Amino acid sequence: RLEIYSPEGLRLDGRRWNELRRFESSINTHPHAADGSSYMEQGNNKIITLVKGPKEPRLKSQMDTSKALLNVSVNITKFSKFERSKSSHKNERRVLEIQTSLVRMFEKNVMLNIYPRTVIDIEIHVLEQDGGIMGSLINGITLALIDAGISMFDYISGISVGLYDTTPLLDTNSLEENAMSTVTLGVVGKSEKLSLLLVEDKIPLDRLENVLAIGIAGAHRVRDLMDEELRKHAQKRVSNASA
Amino acid sequence: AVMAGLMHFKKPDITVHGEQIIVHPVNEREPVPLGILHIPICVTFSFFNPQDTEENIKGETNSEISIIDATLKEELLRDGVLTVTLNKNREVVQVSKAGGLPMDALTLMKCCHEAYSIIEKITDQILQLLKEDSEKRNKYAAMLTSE
Amino acid sequence: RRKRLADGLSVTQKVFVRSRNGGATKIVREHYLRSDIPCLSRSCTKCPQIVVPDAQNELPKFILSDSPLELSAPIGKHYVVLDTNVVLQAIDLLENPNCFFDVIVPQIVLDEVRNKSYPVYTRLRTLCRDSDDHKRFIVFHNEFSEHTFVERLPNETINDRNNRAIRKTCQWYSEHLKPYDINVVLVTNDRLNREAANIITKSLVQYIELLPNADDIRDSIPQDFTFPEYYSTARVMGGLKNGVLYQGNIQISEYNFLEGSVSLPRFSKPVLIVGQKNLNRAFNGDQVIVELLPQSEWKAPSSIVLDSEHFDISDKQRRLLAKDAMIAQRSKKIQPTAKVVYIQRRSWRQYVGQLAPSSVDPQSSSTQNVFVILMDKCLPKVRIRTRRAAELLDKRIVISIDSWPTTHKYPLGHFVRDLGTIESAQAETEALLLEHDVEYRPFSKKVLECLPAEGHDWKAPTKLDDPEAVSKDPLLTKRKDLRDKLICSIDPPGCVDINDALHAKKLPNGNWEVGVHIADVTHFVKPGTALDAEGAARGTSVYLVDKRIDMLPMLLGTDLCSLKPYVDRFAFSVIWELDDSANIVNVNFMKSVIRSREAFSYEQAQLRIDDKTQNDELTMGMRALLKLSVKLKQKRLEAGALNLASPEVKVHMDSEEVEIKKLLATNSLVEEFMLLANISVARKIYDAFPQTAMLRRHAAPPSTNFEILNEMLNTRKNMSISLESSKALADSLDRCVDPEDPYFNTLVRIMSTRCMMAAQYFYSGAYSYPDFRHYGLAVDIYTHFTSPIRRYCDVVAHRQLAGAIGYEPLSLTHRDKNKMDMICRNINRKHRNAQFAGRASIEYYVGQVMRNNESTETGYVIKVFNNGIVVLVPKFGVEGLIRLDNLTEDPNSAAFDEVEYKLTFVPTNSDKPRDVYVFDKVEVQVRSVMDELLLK
RNA sequence: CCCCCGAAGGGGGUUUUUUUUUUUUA
Ligand code: NA
Ligand code: NA
Ligand code: NA
Ligand SMILES: [Zn+2]
């Protein structure tokens with residue numbers, strides 16, 4: 001036990017209840033490895049996301065005549081935590097659930113129907129982890145998919161919100177994720193509509209809505225950030241390509 | 001099924017002398033139930049998009065349809081799915097909206113509350129049926145001790 | 001490297017190395033820097049603009065005085081910045097109402113204090129929390145402000161960095177407040193600064209001497225006999241891993257402050273610790289590590305009465321010595337002894353005492369060393385330095401104990417507070433409540449705001465279907481209307497807060513409907529609120545002879561929750577359907593609304609019951625309740641109950657008495673149904689929440705506590721008691737009767753109960769079911785439900801009963817085992833302390849009456865020593881110690897027969913040999929001289 | 001149905017450890 005939230009309204013890392021961690025993103029970081037790519041840092045979370053495709057299906061199975069196939073591979077490296085994990089995570093049910101979640105998230109956002117008989121492989125490497133990793137994965141995927149030139153309806157911004165007693169804390173780190181229940185949100189664009197809503201630990205019903213309220217807002221900010229990068233990276237690489 | 005089973009289940013009484021334990025058939029000592037702390041119940045909402053995807057992503061007047069406990073025919077045609085687990089302590093045990101059709105947050109909240117309304121009935125039903133089972137067992141024993 | 005962010009924000013990477021036992025793990029965290037940290041001064045103009053609201057949308061209060069205490073040059077307009085050490089040493093001075101009015105507490109200091117001492121951290125946080133006009137303490141997050149954050153240099157210990165951070169804090173403060181001229185004084189004792197390019201740095205004593213009221217508080221600061229020095233940590237842990245040493249808490253003898261004992265797991269009896277050296281500066285309640293002494297120094301349990309006022313190798317053989325220790329512990333008079341070698345934990349709360357006239361000198365105007373005799377007679381006298389000796393001579397004071405070096409024969413301490421002249425009502429009362437750590441301060445406004453805004457104007461809704469009342473309260477629809485019930489309450493004459501009320505009516509079944517209705521306090525107190533917090537901290541209402549310390553604010557207790565007559569009141573009601581044999585055929589638990597038809601006194605109710613001219617239906621119901629209670633009590637007697645009502649005594653001279661509660665059938669009437677209620681509620685809430693049910697158990701005692709008493713019995717009275725079962729002890733107690741003295745039996749029951757174990761509150765998950773048993777009541781399960789106004793246990797049980805019936809979802813705080821563990825330990829401690837306080841107050845006042853008024857009372861010798869006897873005056877239920885000096889002239893000639901339990905002496909007033917045995921009926925009288933109970 | 005021819009044929013749907021019991025109670 002320790003002051004997760006001081007009477008002064010500060011946290012252990014020195015943030016307030018409604019402030020995001022440091023969020024920085026980079027696009028087209030692996031031009032020789034994938035069609036789209038993104039390197040992303042959220043707090044201490046460091047993630048490489050690679051989008052390969054749309055491309056010819058490896059098997060002449062897994063081929064859909066009406067739409068593209070979307071696969072997601074999440075690699076949580078053994079050195080992502082402070083203590084190295086002697087076990088791989090690749091076939092853990094947690095990781096499979098995360099993968100299927102991301103797939104079913106971007107099946108409804110990515111216009112797969114305009115890429116029939118193709119496969120879109122998403123390859124993710126979590127280099128460093130510090131809580132709220134799901135939203136980070138979401139953001140990385142969005143960035144990398146947009147970098148690939150693959151059509152989609154909107155951004156999807158991922159964020160996490162913890163619930164300490166009565167007060168909700170925005171964008172929780174590892175220490176906050178422990179000794180507290182957290183809600184992960186996948187928000188579509190600037191809308192109030194949720195692509196993802198994940199609650200894995202017990203939360204008082206009557207206080208859930210409030211937790212969403214800030215969450216959405218936070219996600220919006222995240223969108224504004226990702227956007228802000230893309231435009232710049234666009235503005236830079238559309239002016240230099242000229243003459 | 002899992003909850004009702006866990007609450008219905010009884011492990012054989014045992015006692016312990018250091019290194020060794022002593023396990024009993026029913027005749028030796030009566031069995032004792034497990035420690036149930038709360039009764040989590042899941043409710044699954046299915047989401048259908050009546051209009052086009054464009055209306056869902058960038059359209060007002062949300063026409064997204066939600067139903068409860070979809071059949072197979074309904075489950076095969078749905079565009080989204082949410083599973084909310086609650087107990088009679090008004091606790092959100094868990095919530096899973098693993099992608100699918102984007103839904104407005106308020107609608108999801110309403111879903112959670114209606115789900116609570118359902119898990120009340122289901123929980124009371126489970127408890128009732130349990131107690132009736134135990135009572136019938138006891139009365140059977142009473143019918144067995146004297147012909 | 002650090003990165004700047006969107007809104008006056010920043011981030012760096014705090015990197016360090018955690019060393020969990022046997023390992024190394026490097027830890028990396030992100031440390032955010034800010035530009036909106038407020039100085040919280042009323043004089044600052046800039047900070048109130050850059051400040052932002054919290055999660056509640058709240059702008060932190062600027063509380064530091066615009067005009068602080070001003071001193072002599074080069075100090076004007078000063079604030080105080082503390083250091084960790086200064087806080088640790090002078091925490092009790094930081095709480096002193098007449099100094100340190102404006103103090104800044106740096107974050108890093110808060111953290112350090114927290115790391116080295118959590119209670120002191122809690123007291124400091126309390127200071128920062130309850131800041132007002134009288135005292136102002138703030139917390140400044142110097143670590144999160146870029147203006148003050150210093151980063152650690154290589155090859156530098158944490159201490160240098162911490163103190164440099166405090167230094168930078170002081171510097172930024174001086175630079176920030178100087179436009180107003182507020183200076184800051186860094187008070188520290190650690191030689192911090194070698195002249196660099198500054199800040200006022202004064203030690204504690206220096207800052208004290210710069211104060212106007214220095215002489216008042218100068219002595220409120222810590223400063224060939226040789227004790228054996230404590231072992232080292234490696235030595236004691238090595239000794240514990242080898243099973244050589246044993247850890248545990250030491251309890252000092254009740255009448256000998258130099259004899260103690262330690263409870264040990266495999267040992268049948270607690271191992272004795274005798275003598276100053278063997279005790280080794282340990283205190284009562286301290287957590288110690290002990291080592292077994294050779295059989296050469298094993299000792300028989302001392303039969304001496306000693307006060308601080310009246311007191312001037314091979315390992316294998318060590319564990320086999322433990323074996324011999326056990327096997328001799330079972331069967332030898334001379335019990336195995338031990339010595340303490342290390343103090344693991346130390347109580348060291350504030351102690352109430354009085355200066356010893358011997359050590360003072362009225363003539364000496366200079367500072368001197370005096371001795372203070374503590375109220376707790378299990379503790380040594382403490383040495384204090386002061387110049388106010390002649391003023392504190394006959395005044396009850398509070399002191400703090402600083403340390404006890406091996407060179408000093410006594411512990412070193414310092415003065416804290418004067419409570420008033422001895423034998424003053426206020427002084428003795430406050431001293432009494434302080435000695436048992438009873439909270440007696442008035443409720444804060446944050447607590448009073450948790451009260452219903454209606455106030456006394458709160459009404460239970462006439463019709464429950466009212467759309468308005470239901471608009472304000474949805475759960476009201478489940479509330480049952482029992483206002484048709486003829487419900488009455490029976491209580492002592494001085495009663496103001498009514499917790500219970502009863503009713504009874506006949507059923508067509510031939511059965512009986514019996515309703516026990518309890519004050520619905522849950523409806524007014526909610527988890528998380530300040531009211532519930534203060535109500536939780538105060539485990540129960542403490543009852544003194546003259547005053548009552550409430551748990552909850554009066555408005556709830558005196559009015560809103562109390563089951564007053566003639567008015568509608570909310571209640572939690574347990575309704576029963578009983579056989580005529582008072583066997584339970586049905587039971588229900590419902591939140592209800594009632595209206596008491598009458599609030600009887602015990603003798604009023606008894607009179608009305610025995611009165612044959614009154615045959616109103618209410619009276620009939622009361623008689624019914626009576627006989628039903630009789631049947632219940634018979635069933636419990638056959639069940640093997642050991643209930644014993646102790647004399648309840650209260651006084652009320654009311655100006656410028658000792659009223660005694662009488663024994664009536666109505667007492668039993670109320671008691672039996674209260675018991676029934678508590679039982680039923682216990683079962684229900686345990687069935688509801690089998691893990692965190694708020695229960696109360698009574699563990700069975702070992703045969704030891706009892707066969708010392710038994711030894712006395714069949715040595716003198718030729719009688720014995722069976723300890724095999726509860727019913728065995730019960731009827732073997734029924735056997736114990738003296739022909740010429742009818743009262744003796746009850747006395748035996750009293751001492752018997754004193755041999756028994758203490759009952760305790762607990763959550764059900766902590767124990768197996770057969771441990772739920774209440775050995776005293778002879779039942780398998782029990783709790784407290786019937787008195788929520790005056791106990792918090794009843795509150796928890798009420799909430800859980802509300803959860804059991806589906807009325808309202810139980811709070812999380814009562815569903816989590818850890819929080820409930822804290823709660824149980826707290827309410828146990830508070831209950832016990834309340835009991836002790838009550839008994840102490842009764843003893844004091846009764847003593848005062850017997851002293852002022854020359855009075856003879858009957859008594860029974862219940863313990864015999866070679867230098868004193870302890871007798872019990874039964875009508876007050878009060879025990880007292882008579883010393884041999886006082887009892888007899890020529891004590892050296894007196895003889896002590898340990899086997900016969902006999903003290904032979906010659907009374908002072910005129911001589912003739914007098915033998916005094918244990919259990920002897922004597923005549924006691926009280927006269928107080930110094931250098932006091934007496935024998936007639 | 002797109003693809004040539006000319007005015008119908010041929011080819012194609014993609015097999016973390018921030019460091020003395022009990023009861024009512026002024
Ligand atoms: Na978004
Ligand atoms: Na925000
Ligand atoms: Na009050
Ligand atoms: Zn300022």
# chains A, B, ... in the order shown; residues from 1 in each chain; ligands from 1
$ residues_around --residues "residue A:211" --least-positions-apart "6" --cutoff "12 Å" --atoms "only C-alpha atoms (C1' of nucleotides)" --output "CSV table (one decimal) with N, CA, C and O atoms, in the first residue's frame"
chain,number,residue,atom,x,y,z
A,17,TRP,N,-4.9,12.8,-12.5
A,17,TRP,CA,-5.9,11.7,-12.8
A,17,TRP,C,-6.3,11.7,-14.3
A,17,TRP,O,-6.6,10.6,-14.8
A,18,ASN,N,-6.2,12.8,-15.0
A,18,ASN,CA,-6.7,12.9,-16.3
A,18,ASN,C,-5.6,13.3,-17.3
A,18,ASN,O,-5.9,13.9,-18.3
A,159,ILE,N,-6.9,3.1,-25.3
A,159,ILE,CA,-6.4,3.7,-24.0
A,159,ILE,C,-6.9,2.8,-22.8
A,159,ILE,O,-7.7,2.0,-23.0
A,160,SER,N,-6.3,3.0,-21.6
A,160,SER,CA,-6.7,2.3,-20.5
A,160,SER,C,-7.0,3.2,-19.3
A,160,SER,O,-6.3,4.3,-19.2
A,161,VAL,N,-8.0,2.9,-18.5
A,161,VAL,CA,-8.3,3.7,-17.3
A,161,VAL,C,-8.5,2.8,-16.1
A,161,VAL,O,-9.3,1.9,-16.1
A,162,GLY,N,-7.7,3.1,-15.0
A,162,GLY,CA,-7.8,2.4,-13.8
A,162,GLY,C,-8.9,3.0,-12.9
A,162,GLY,O,-9.3,4.2,-13.1
A,163,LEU,N,-9.3,2.2,-11.9
A,163,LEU,CA,-10.3,2.8,-10.9
A,163,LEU,C,-9.8,2.6,-9.5
A,163,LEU,O,-9.9,1.6,-8.9
A,164,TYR,N,-9.3,3.7,-9.0
A,164,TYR,CA,-8.8,3.7,-7.6
A,164,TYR,C,-9.9,4.3,-6.7
A,164,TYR,O,-10.2,5.5,-6.7
A,165,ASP,N,-10.5,3.4,-5.9
A,165,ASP,CA,-11.6,3.8,-5.0
A,165,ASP,C,-12.7,4.5,-5.8
A,165,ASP,O,-13.4,3.9,-6.6
A,166,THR,N,-12.9,5.8,-5.6
A,166,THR,CA,-13.9,6.6,-6.2
A,166,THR,C,-13.4,7.2,-7.5
A,166,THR,O,-14.1,7.5,-8.5
A,167,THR,N,-12.1,7.5,-7.5
A,167,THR,CA,-11.5,8.3,-8.6
A,167,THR,C,-10.9,7.4,-9.7
A,167,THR,O,-10.1,6.5,-9.4
A,168,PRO,N,-11.2,7.7,-11.0
A,168,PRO,CA,-10.5,7.0,-12.1
A,168,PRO,C,-9.2,7.7,-12.5
A,168,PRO,O,-9.1,8.9,-12.5
A,169,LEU,N,-8.2,6.8,-12.9
A,169,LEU,CA,-6.9,7.3,-13.3
A,169,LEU,C,-6.7,7.0,-14.8
A,169,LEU,O,-6.8,5.8,-15.1
A,170,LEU,N,-6.3,8.0,-15.6
A,170,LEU,CA,-6.1,7.8,-17.0
A,170,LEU,C,-4.8,7.3,-17.4
A,170,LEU,O,-3.7,7.7,-16.8
A,171,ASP,N,-4.8,6.3,-18.3
A,171,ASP,CA,-3.5,5.7,-18.9
A,171,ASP,C,-2.6,5.2,-17.8
A,171,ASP,O,-1.6,5.7,-17.5
A,181,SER,N,-8.3,-2.2,-10.6
A,181,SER,CA,-9.0,-2.7,-11.7
A,181,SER,C,-8.9,-1.7,-12.9
A,181,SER,O,-9.1,-0.5,-12.7
A,182,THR,N,-8.7,-2.3,-14.1
A,182,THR,CA,-8.5,-1.4,-15.3
A,182,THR,C,-9.5,-1.7,-16.4
A,182,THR,O,-9.9,-2.9,-16.6
A,183,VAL,N,-9.9,-0.7,-17.1
A,183,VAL,CA,-10.8,-0.9,-18.3
A,183,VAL,C,-10.0,-0.4,-19.5
A,183,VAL,O,-9.4,0.7,-19.6
A,184,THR,N,-10.0,-1.3,-20.5
A,184,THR,CA,-9.3,-0.9,-21.8
A,184,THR,C,-10.4,-0.6,-22.8
A,184,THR,O,-11.4,-1.2,-23.0
A,185,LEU,N,-10.2,0.5,-23.5
A,185,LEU,CA,-11.1,1.1,-24.5
A,185,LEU,C,-10.4,1.2,-25.9
A,185,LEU,O,-9.3,1.7,-26.0
A,197,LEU,N,-14.1,-2.9,-25.7
A,197,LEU,CA,-14.4,-2.6,-24.3
A,197,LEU,C,-14.0,-3.8,-23.5
A,197,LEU,O,-14.7,-4.9,-23.5
A,199,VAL,N,-13.0,-5.4,-19.7
A,199,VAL,CA,-12.9,-5.4,-18.3
A,199,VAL,C,-12.6,-6.8,-17.7
A,199,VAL,O,-13.4,-7.7,-17.9
A,203,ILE,N,-15.4,-4.6,-11.0
A,203,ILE,CA,-15.7,-3.2,-10.9
A,203,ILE,C,-17.1,-2.9,-10.5
A,203,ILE,O,-18.0,-3.6,-11.1
A,204,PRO,N,-17.3,-2.0,-9.6
A,204,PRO,CA,-18.7,-1.6,-9.2
A,204,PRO,C,-19.5,-1.0,-10.4
A,204,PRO,O,-19.0,-0.1,-11.0
A,205,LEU,N,-20.6,-1.6,-10.8
A,205,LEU,CA,-21.4,-1.2,-11.9
A,205,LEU,C,-21.7,0.3,-11.9
A,205,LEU,O,-21.5,0.9,-13.0
A,217,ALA,N,-12.5,10.4,-23.8
A,217,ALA,CA,-11.8,11.7,-23.9
A,217,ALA,C,-10.3,11.4,-24.1
A,217,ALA,O,-9.7,12.0,-25.1
A,218,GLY,N,-9.7,10.6,-23.3
A,218,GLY,CA,-8.3,10.3,-23.4
A,218,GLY,C,-8.0,9.8,-24.8
A,218,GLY,O,-7.1,10.2,-25.4
B,105,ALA,N,-21.3,4.0,-26.3
B,105,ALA,CA,-20.9,3.6,-24.9
B,105,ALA,C,-22.2,3.5,-24.0
B,105,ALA,O,-22.3,2.6,-23.2
B,109,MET,N,-23.7,0.5,-21.6
B,109,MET,CA,-24.0,0.7,-20.2
B,109,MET,C,-25.4,0.1,-19.9
B,109,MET,O,-25.6,-0.6,-19.0
$ residues_near_ligand --ligand "ligand 3" --cutoff "12 Å" --atoms "only C-alpha atoms (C1' of nucleotides) and all ligand atoms" --output "list in words"
residues 440, 441, 442, 443, 444, 445, 447, 448, 449, 451, 531, 548, 549, 550, 551, 552, 553, 554, 555, 556, 557, 558 and 559 of chain C
$ interface_residues --of "chain C" --to "chain D" --cutoff "6 Å" --atoms "only C-alpha atoms (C1' of nucleotides)" --output "JSON list (two decimals) with N, CA and C atoms, in the first residue's frame"
[["chain", "number", "residue", "atom", "x", "y", "z"],
["C", 491, "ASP", "N", -34.78, -0.47, 29.68],
["C", 491, "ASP", "CA", -33.41, 0.03, 29.82],
["C", 491, "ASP", "C", -33.14, 0.56, 31.23],
["C", 495, "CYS", "N", -30.67, 5.79, 30.97],
["C", 495, "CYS", "CA", -30.56, 5.54, 29.53],
["C", 495, "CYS", "C", -31.07, 6.69, 28.67],
["C", 547, "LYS", "N", -19.21, 10.25, 32.63],
["C", 547, "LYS", "CA", -19.39, 10.63, 31.23],
["C", 547, "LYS", "C", -19.44, 9.42, 30.31],
["C", 548, "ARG", "N", -19.95, 9.64, 29.10],
["C", 548, "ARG", "CA", -20.00, 8.60, 28.08],
["C", 548, "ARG", "C", -19.36, 9.12, 26.80],
["C", 643, "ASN", "N", -23.08, -17.93, 31.92],
["C", 643, "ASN", "CA", -23.32, -16.49, 32.03],
["C", 643, "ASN", "C", -23.27, -15.98, 33.46],
["C", 671, "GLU", "N", -32.05, -9.75, 28.15],
["C", 671, "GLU", "CA", -30.82, -10.48, 27.83],
["C", 671, "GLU", "C", -31.04, -11.69, 26.93],
["C", 753, "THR", "N", -14.58, -17.04, 36.00],
["C", 753, "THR", "CA", -14.69, -16.29, 34.75],
["C", 753, "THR", "C", -13.40, -15.53, 34.47],
["C", 754, "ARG", "N", -12.74, -15.07, 35.52],
["C", 754, "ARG", "CA", -11.47, -14.36, 35.36],
["C", 754, "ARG", "C", -10.37, -15.29, 34.87],
["C", 776, "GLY", "N", -18.30, -19.68, 26.50],
["C", 776, "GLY", "CA", -19.05, -19.13, 27.62],
["C", 776, "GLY", "C", -20.55, -19.31, 27.49]]
$ residues_around --residues "stretch 755-762 of chain C" --least-positions-apart "5" --cutoff "7 Å" --atoms "only C-alpha atoms (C1' of nucleotides)" --output "PyMOL selection string"
(chain C and resi 694-701+705-706+824+828) or (chain D and resi 20)
$ interface_residues --of "chain B" --to "chain A" --cutoff "6 Å" --atoms "only C-alpha atoms" --output "list in words"
residues 90, 91, 92, 93, 94, 95, 96, 97, 98, 99, 100, 102, 103, 104 and 105 of chain B
$ residues_near_ligand --ligand "ligand 4" --cutoff "12 Å" --atoms "only C-alpha atoms (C1' of nucleotides) and all ligand atoms" --output "mmCIF file with C-alpha atoms, in the first residue's frame"
data_model
loop_
_atom_site.group_PDB
_atom_site.id
_atom_site.type_symbol
_atom_site.label_atom_id
_atom_site.label_comp_id
_atom_site.auth_asym_id
_atom_site.auth_seq_id
_atom_site.Cartn_x
_atom_site.Cartn_y
_atom_site.Cartn_z
ATOM 1 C CA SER C 35 5.011 23.537 -13.254
ATOM 2 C CA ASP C 36 1.732 23.750 -11.340
ATOM 3 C CA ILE C 37 2.796 22.712 -7.829
ATOM 4 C CA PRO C 38 1.326 25.291 -5.400
ATOM 5 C CA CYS C 39 3.292 26.725 -2.465
ATOM 6 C CA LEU C 40 -0.029 26.866 -0.595
ATOM 7 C CA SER C 41 0.760 30.288 0.909
ATOM 8 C CA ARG C 42 -1.906 32.957 1.438
ATOM 9 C CA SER C 43 0.732 35.548 0.535
ATOM 10 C CA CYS C 44 1.588 34.206 -2.932
ATOM 11 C CA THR C 45 -0.157 35.774 -5.939
ATOM 12 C CA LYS C 46 1.375 33.793 -8.810
ATOM 13 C CA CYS C 47 0.644 30.200 -7.718
ATOM 14 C CA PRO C 48 -3.161 30.501 -7.330
ATOM 15 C CA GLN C 49 -3.338 31.180 -11.089
ATOM 16 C CA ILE C 50 -1.260 28.270 -12.422
ATOM 17 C CA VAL C 51 -2.981 25.816 -10.068
ATOM 18 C CA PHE C 62 -3.802 27.974 0.337
ATOM 19 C CA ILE C 63 -3.490 27.684 4.106
ATOM 20 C CA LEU C 64 -0.005 28.898 5.070
ATOM 21 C CA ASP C 66 0.205 35.448 5.154
ATOM 22 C CA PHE C 140 5.056 20.103 -1.109
ATOM 23 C CA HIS C 147 12.019 24.055 -10.084
ATOM 24 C CA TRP C 172 13.311 27.927 -4.218
ATOM 25 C CA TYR C 173 11.154 28.853 -1.238
ATOM 26 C CA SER C 174 13.342 31.754 -0.198
ATOM 27 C CA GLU C 175 13.522 33.013 -3.789
ATOM 28 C CA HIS C 176 9.746 32.604 -4.189
ATOM 29 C CA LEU C 177 8.523 34.181 -0.966
ATOM 30 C CA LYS C 178 11.106 36.982 -0.693
ATOM 31 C CA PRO C 179 8.981 39.481 -2.708
ATOM 32 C CA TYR C 180 6.810 39.289 0.380
ATOM 33 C CA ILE C 182 8.743 35.308 3.953
#
$ atom_distance --atom1 "atom CA of residue C:297" --atom2 "atom CA of residue C:337"
7.1 Å
$ atom_distance --atom1 "atom CA of residue C:394" --atom2 "atom CA of residue C:421"
6.0 Å
$ select_by_dssp --residues "chain B" --states "strand (DSSP E or B)" --output "PyMOL selection string"
chain B and resi 10-11+14-17+20-23+32-33+41-48+65-68+80-86+91-104
$ closest_atom_pairs --of "chain C" --to "chain B" --cutoff "10 Å" --atoms "only C-alpha atoms" --output "CSV"
residue,atom,partner,partner_atom,distance
C:688,CA,B:37,CA,9.2
C:689,CA,B:37,CA,7.0
C:690,CA,B:35,CA,7.4
C:691,CA,B:37,CA,7.2
C:692,CA,B:37,CA,9.3
C:765,CA,B:35,CA,9.7
C:803,CA,B:89,CA,8.5
C:806,CA,B:88,CA,8.5
C:808,CA,B:89,CA,8.4
C:809,CA,B:89,CA,4.9
C:810,CA,B:89,CA,6.5
C:811,CA,B:89,CA,8.2
C:812,CA,B:89,CA,8.6
C:815,CA,B:37,CA,9.0
